[PDB]
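K.L.:
Quick check, what structure comes out for this input:
(chains A, B and C, ligands or ions: 2)
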Amino acid sequence: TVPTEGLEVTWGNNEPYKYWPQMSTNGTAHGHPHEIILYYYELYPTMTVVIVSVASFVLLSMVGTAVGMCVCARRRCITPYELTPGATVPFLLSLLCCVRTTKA
Amino acid sequence: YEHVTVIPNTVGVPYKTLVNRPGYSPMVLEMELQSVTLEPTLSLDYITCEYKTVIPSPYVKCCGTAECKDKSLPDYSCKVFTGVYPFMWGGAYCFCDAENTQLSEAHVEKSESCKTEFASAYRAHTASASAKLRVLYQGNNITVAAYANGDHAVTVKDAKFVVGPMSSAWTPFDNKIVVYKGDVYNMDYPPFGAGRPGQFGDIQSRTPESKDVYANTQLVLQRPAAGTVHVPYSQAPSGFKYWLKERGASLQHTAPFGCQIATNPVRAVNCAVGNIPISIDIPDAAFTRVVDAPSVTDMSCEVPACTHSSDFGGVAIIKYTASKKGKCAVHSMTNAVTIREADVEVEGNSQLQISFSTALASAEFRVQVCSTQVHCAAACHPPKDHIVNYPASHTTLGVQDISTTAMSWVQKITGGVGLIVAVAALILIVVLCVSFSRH
Amino acid sequence: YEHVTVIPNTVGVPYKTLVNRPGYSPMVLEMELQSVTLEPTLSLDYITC
Ligand SMILES: *[C@@H]1O[C@H](CO)[C@@H](O)[C@H](O)[C@H]1NC(C)=O
Ligand SMILES: *[C@@H]1O[C@H](CO)[C@@H](O)[C@H](O)[C@H]1NC(C)=O
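P.N.:
Residues are numbered from 1 along each chain as shown, chains lettered A, B, ... in the order given. Ligands and ions are numbered 1, 2, ... in the order given. Take a look:
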């Protein structure tokens, strides 16, 4: 296994051999069929796959913040009609349509 | 002007530099070091070699009692064995039987191999560096030797230069170093006079031609048998005559960073780590005027085929329009790419090509030609092979590096929902506007 | 360099296939087959006269 530095290998009384790595097998391209991550497989395979994993993590955190705003938004759209005893708020929920828009 | 450059300590890559003297032409100069070695300090501690036992003939003390006068010799040893009986053609050598004793005595010494074939236990501390470097200076592949420390100045051909000091003070040698006739070993030798018996390190001398040596050979003189008139003595195995197997290997094959170690003197060439700063200084006599250089217009660069390999995998083609006829230097201003051409001859409205290379997939890049910026972009390909037998040049790169549509993808997927979180902020402020006007 | 392709099993039709290494100029390549000789395996049961 030739390292990212490079290999020296001597055999017998011959003058030794000097080997080096290059770009990969490279079953890869750039398109709508992606083949992008395989380009990743020469700039550090199994290093900064932590970057794409934490990138999936920060996008799931972003949509988790979307879950946070949706639960705060449903709670604060229930806030104007907590149980306001008029039984009829058309210009609240007709203008709003959070949940159960049949309740006047 | 004076120009200070820095080059990483690797052999086999033409590094380039630009000396910018304002009011004058740029100076794209080339350096390439061909060999860089270390000269560790010479201090031989002790020679060591193969011993030889010196055994005098026995002293058959025929029915008297002998003794031995304790002469001071290195590993002198003696015993008077009683009750001996030698045999010859007339059986016993002498007549009587009871008090028949035998004075036996032996000692150790050097050999003739110590005159020629030995090992030297050696002390070596911090070193100097010496190197040889080729500069492509204006159609001249010049080459200058200099011992690099920051303290040696050499001027040739209207060029003054001070090389060194090195940045890494690492050295492949430890304190203890043993040399044999074509190889070195970083092994702690036992100190002279403190030689453990049997193992390597026993029989020792300071100079190769002393008349005194130190030894530890555990010599025991056993009892002779009946008629076997000889010297029954304990053998002393010395580390040299079996030293051949436990060598492991020389430092040629145990070194870090690929140093080649040649003896007499013990140089360590191509110890490739770190970087070296160089100071070059040059007056006007090679500097070219700004207005007397042919300025150019109509910068039209493009790349027909780039391939991000280790060879010149990109041939960039550029059509231009100059002012007059003369030399023109070309230079890469970012470190993603590298060029193999110092300067080219340009007459007017003409076209040239250049052999560049980079490491990544897709990059845009602005070249300078005789203080004229020209930007062109390229999308490249990887080579189909996996292993080559030479290091590349551009492959020092970062991790935040430009690409193809990858950055359009990362600009896509961060679309954002924080604006609709701000819409939730708007619904909470429009409900809190009833009583949110005090704090 | 290395190329794999599929031609349809027809006789007497010219065909061309594009080979493209990177870097160098690509080539188009002309080929045409003439026969597909089926050689089945033989074994003699008997003769009759
Ligand atoms: C050859 O022998 C001489 C004297 O024995 C010694 O000084 C010299 O270093 C030796 N050289 C080699 C190459 O063995
Ligand atoms: C200097 O040496 C290099 C070694 O490859 C060669 O390519 C270059 O053309 C030489 N230049 C001159 C001016 O001798």
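
K.L.:
What are the boundaries of the strands in chain A?
P.N.:
A:7-9, A:17-19 (DSSP state E).

K.L.:
gap between the two ends of stretch B:9-20?
P.N.:
Here the two ends of stretch B:9-20 are set 24 Å apart, with distance taken as C-alpha to C-alpha, to the nearest Å.

K.L.:
swap that for stretch B:330-342, please
P.N.:
Termini of stretch B:330-342 sit 6 Å apart (C-alpha to C-alpha).

K.L.:
Briefly note if it comes near chain A.
P.N.:
No - Stretch B:330-342 stays clear of chain A (C-beta under 8 Å from any C-beta of the partner chain), getting no nearer than 13.3 Å. (C-beta placed from N, C-alpha, C; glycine too.)

K.L.:
How far away from the center of its chain is that stretch?
P.N.:
28 Å (C-alpha atoms, centre = their mean, to the nearest Å).

K.L.:
quick revisit: just name the most buried of the strands of chain A.
P.N.:
Highest mean neighbour count among the strands of chain A (mean count of other C-beta atoms under 10 Å in any protein chain shown): strand A:17-19, with a mean of 13.

K.L.:
tally of neighbours for residue 93?
P.N.:
Looking at chain A here, since you left the chain open. Using other C-beta atoms under 10 Å in any protein chain shown, residue A:93 has 19 neighbouring residues.

K.L.:
Can you look at chain B instead?
P.N.:
Counted with other C-beta under 10 Å, residue B:93 comes out at 15.

K.L.:
residues contacting it?
P.N.:
B:60, B:62, B:86, B:229 (C-beta atoms under 8 Å, 6 or more residues apart in numbering or on different chains).

K.L.:
Which residue does chain A have closest to chain B?
P.N.:
Here the residue of chain A nearest chain B is residue A:23; by C-beta to the nearest C-beta that distance is 3.5 Å.

K.L.:
Around that residue, how many other residues sit close by?
P.N.:
23.

K.L.:
The one 3 residues further on now?
P.N.:
Neighbours of residue A:26 under the rule other C-beta under 10 Å: 17.

K.L.:
Now it: closest residue in space that isn't a chain neighbour?
P.N.:
residue B:382 (4.4 Å; C-beta to C-beta, 6 or more residues apart in numbering or on different chains).

K.L.:
The one you found and residue B:194, how far apart?
P.N.:
Distance, residue B:382 to residue B:194, by C-beta to C-beta, to the nearest Å: 60 Å.

K.L.:
which one of these two has more residues nearby?
P.N.:
residue B:382 (20 against 11).

K.L.:
Next up, the contacts around the closest residue to ligand 2 within chain A.
P.N.:
Here chain A gets closest to ligand 2 at one residue, residue A:18, 18.2 Å apart by C-beta to the nearest ligand atom. Counting by C-beta under 8 Å, 6+ apart, residue A:18 touches A:6-8, B:389-390.

K.L.:
can you list the residues you listed in CSV and add distance to ligand 1?
P.N.:
As requested, those are exported to CSV (distance: C-beta to the nearest ligand atom, whole Å):
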residue, distance to ligand 1
A:6, 33
A:7, 32
A:8, 26
B:389, 32
B:390, 33
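
K.L.:
which one of those residues sits closest to residue B:20?
P.N.:
For the contacts of residue A:18, the residue nearest residue B:20 by C-beta to C-beta is residue B:390; the value is 31.0 Å.

K.L.:
So what touches the helix or strand harbouring residue B:135?
P.N.:
Using DSSP states H and E, residue B:135 maps to strand B:128-136. Strand B:128-136 is contacted from outside by B:14, B:29-39, B:141-149, B:159, B:163-164, B:166, B:342, using C-beta under 8 Å, 6+ apart.

K.L.:
do the same with stretch B:20-33
P.N.:
B:1, B:3, B:5, B:7, B:9, B:11-19, B:131-137, B:278, B:280, B:282, B:284, B:286-290, B:293, B:329-331, B:342-343, B:368, B:370-371.

K.L.:
could you redo the last one with a cut-off of 7 Å?
P.N.:
Stretch B:20-33 has contacts (C-beta atoms under 7 Å, 6 or more residues apart in numbering or on different chains) with B:1, B:7, B:11, B:14-19, B:131, B:133-137, B:278, B:287-290, B:293, B:329-331, B:342-343, B:368, B:370-371.

K.L.:
Any residues of chain B in contact with ligand 1? List them.
P.N.:
Residues of chain B lying close to ligand 1 (C-beta under 6 Å from any ligand atom) are B:115-116, B:181.
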